[PDB]
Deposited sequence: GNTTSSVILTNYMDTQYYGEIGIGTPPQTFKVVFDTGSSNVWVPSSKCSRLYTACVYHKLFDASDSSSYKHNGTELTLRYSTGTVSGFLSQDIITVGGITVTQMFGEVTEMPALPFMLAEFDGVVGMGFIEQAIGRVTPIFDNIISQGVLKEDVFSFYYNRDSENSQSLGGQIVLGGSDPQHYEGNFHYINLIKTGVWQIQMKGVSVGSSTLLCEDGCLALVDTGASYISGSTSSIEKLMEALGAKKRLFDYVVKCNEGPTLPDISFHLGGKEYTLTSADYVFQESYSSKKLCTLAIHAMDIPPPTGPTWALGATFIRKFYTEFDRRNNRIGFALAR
C-alpha cells in the first residue's frame, strides 16, 4: 500500500517516551508506551480496584462509554521484568496515529504502584511478534499489516534527547530521512518472533572486555536503559569505576565527562556510546554522584540471557524495525 504514519512521542526524562492511542468510539485517549519486548496492549480499567493507587492516578478505560466494544473477558497476566499486571481481554477500535484497528486488548484491573505510580504513561502497546503474545492474541501491528495500508512493512524508532524538543517519533510504514544520516546497517535476527541480534562483543575501552565469542542483543524501546547480565555488568562497571547501588550505577559527577567509550560490535559495525551518551550529568561536582544509563538484568531463558539495548542506544541510533525481510537496521541520528 501507500500509508505512512507517525506517532509523536513525548520524551519524559530520557527515561519515558510515550505516544497516544484512542480506544472506543468516542475515543478515550491514552498515553501508552511502544514496546518491542512485548506483543500485547493493555490500559487501566474502570473495573480496577481503587485500592490500586495507580488506578486512582491514571486514565481508566470505561467500556460502558464505548458503543464500539465487544466483551471478551479472558483473564491475562502481563508480567514484565519490572512488574506484573493482571487483567482480562476486551476488543474495540484502537486509533494508532492514522490507522484504526479493531484491537484485541486488555483491561488492567490490578496495576501496581511500583513501578506504575512512577509511570508517566497509562498503558503499553507491544510491538513484538505473536510468538510472544500472552494469550496468543493477534498483535496491533500484525493487524495493520493484515490491513494492506502500509507502504512498507516496517516501523522505525526515533528517540530524541530532552529539552528544558520534538521528543521522538515512530513511523509505521516508512522511515524518516530527517532523523538519521548516512545509511542503514542491517542486522537480521536469530529466530523470528524476537527482536534479537547477535552481538560480536562489548568494548569498554578498546579491548573487547566482554561478549567476546559473541552473545545476544534484544532491541527494545520499552527499556529506559541498556541492560547486560549481572556478571557482565559487574565486569563492565568494574572497568568503569562505578558504584553499584540498589537500583542504578553511579560515578563522581566530575568524573563523568571522561568515562571511556563503550562499543557494541553489532552486525559487523562498532556502535559506540561515548560517556555523554551513557552519563546523566546533572552536575560536575566531586561531591554529587551521577547516574550512568546502563544496568544489569538477568533475563531468563527462553529470551534470556540477553543484553537489551534500550532507550539509551536508540537515542544515538535511529532504528528500523523491519518486518518484511525480518531484520533490524540502524542509522546515526539527527
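S.K.: Please give the gaps, as residue ranges numbered from 1 in the deposited sequence, where no C-alpha is present.
M.R.: No coordinates exist for the deposited residues in 165 to 167, so this stretch alone is absent from the model.
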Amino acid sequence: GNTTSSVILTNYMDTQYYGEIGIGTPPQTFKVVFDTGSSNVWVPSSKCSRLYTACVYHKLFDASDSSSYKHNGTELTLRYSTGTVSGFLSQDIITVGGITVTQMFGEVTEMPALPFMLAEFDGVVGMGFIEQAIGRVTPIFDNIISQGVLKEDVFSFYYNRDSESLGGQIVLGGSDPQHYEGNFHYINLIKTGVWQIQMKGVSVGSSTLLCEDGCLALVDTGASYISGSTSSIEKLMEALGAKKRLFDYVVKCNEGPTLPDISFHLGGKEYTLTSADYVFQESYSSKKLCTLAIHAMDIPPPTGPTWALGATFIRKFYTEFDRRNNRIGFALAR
From here on, numbers count along this sequence of modelled residues.
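Take the two forms, find the largest set of C-alpha atoms that superpose within 1.5 Å, and that set is the rigid core.
S.K.: Find the stretch among 8 to 16 and 320 to 328 with the larger RMS C-alpha deviation in 9 other deposited structures of this protein, all structures being superposed on the shown form by the rigid core.
M.R.: Once the cores are fitted, 8 to 16 deviates more in 9 other deposited structures of this protein.
S.K.: Do the Cα atoms of 106 to 114 or of 76 to 84 sit farther, on average, from the shown structure in 9 other deposited structures of this protein when the rigid core is superposed?
M.R.: Higher average C-alpha offset in 9 other deposited structures of this protein goes to 76 to 84.
S.K.: Would you say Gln198 goes unmodelled in a third or more of the other compared entries?
M.R.: No; none of the other entries leave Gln198 out.
S.K.: Determine, among the other compared PDB entries that model residues flanking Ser165, whether at least a third leave it unmodelled.
M.R.: Result for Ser165: often missing, at least a third of the compared entries.
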